[PDB]
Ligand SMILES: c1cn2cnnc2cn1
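Take a look at this one chain, the form solved without the ligand, written out in structure tokens.
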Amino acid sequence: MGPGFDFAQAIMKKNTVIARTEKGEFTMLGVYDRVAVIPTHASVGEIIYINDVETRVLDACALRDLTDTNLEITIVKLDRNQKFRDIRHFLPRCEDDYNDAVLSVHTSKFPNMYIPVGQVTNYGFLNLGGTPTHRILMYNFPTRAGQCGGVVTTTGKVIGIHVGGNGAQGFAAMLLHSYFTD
């Protein structure tokens, strides 16, 4: 509807796949080459479904900060026959707050979904489903089941992936450029 949605759409149309694990269907952001991200609670194993195709997982790494605290991001390398457009230049280098973000989801249940979530706070620490978690972004929108893995963008920046909510607020794990140095 506006330039925020434009950037979100451009990310969705080229840099997402539908990932299925034993714990459900997730929006999954491809970052570069055969490397994607997904919430750690998806419990990625040795095999994953990518757009309903059985795919071997070459590597998966649940990220933690240097205090050994959960970040809720898993980086997956897929045995896929095609690379993603390299979007690493759209990742922020530092922890930050943002104005006017969009949360975008694409699953069987929620195809082509885009939500203007407004201001995003650098929230920091969250007890997420009982697990201490760092580098959380917060937005005041009542997100729901089915949105985990959804991409949070501003114009020109891909800043996080949706990992949870409390009914009134939604929460995303930060994406930082430094996670995807090769």
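Residue indices: 1-based, along the sequence shown.
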Between 119-127 and 35-43, name whichever shows the higher mean Cα B factor according to the PDB entry. 119-127
On average, which has the higher Cα B-factor in the deposited entry, 91-99 or 72-80? 91-99
168, 11, 161, 19, ranked by C-alpha B-factor: the highest one: 168
Can you pull the Cα B-factors for 51, 27, 153, 67 from the entry and say which is highest? 67
Sorting by Cα B-factor within the chain, modelled residues only, which third would residue 108 end up in: lowest, middle or highest? highest
Taking the entry's C-alpha B-factors for this chain, is residue 144 in the lowest, middle or highest third? highest
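Keep in mind that the form deposited with the ligand bound is missing from the display, and what follows is about it.
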Using a 4.5 Å heavy atom cut-off, state whether residue 44 contacts the ligand in the entry with it bound. no
For residue 120, is any heavy atom within 4.5 Å of the ligand in the entry with it bound, or not? no
Would you give me the residues of 148-182 that have any heavy atom within 4.5 Å of the ligand in the entry with it bound, in order from first to last? 148, 162, 164, 165, 166, 167
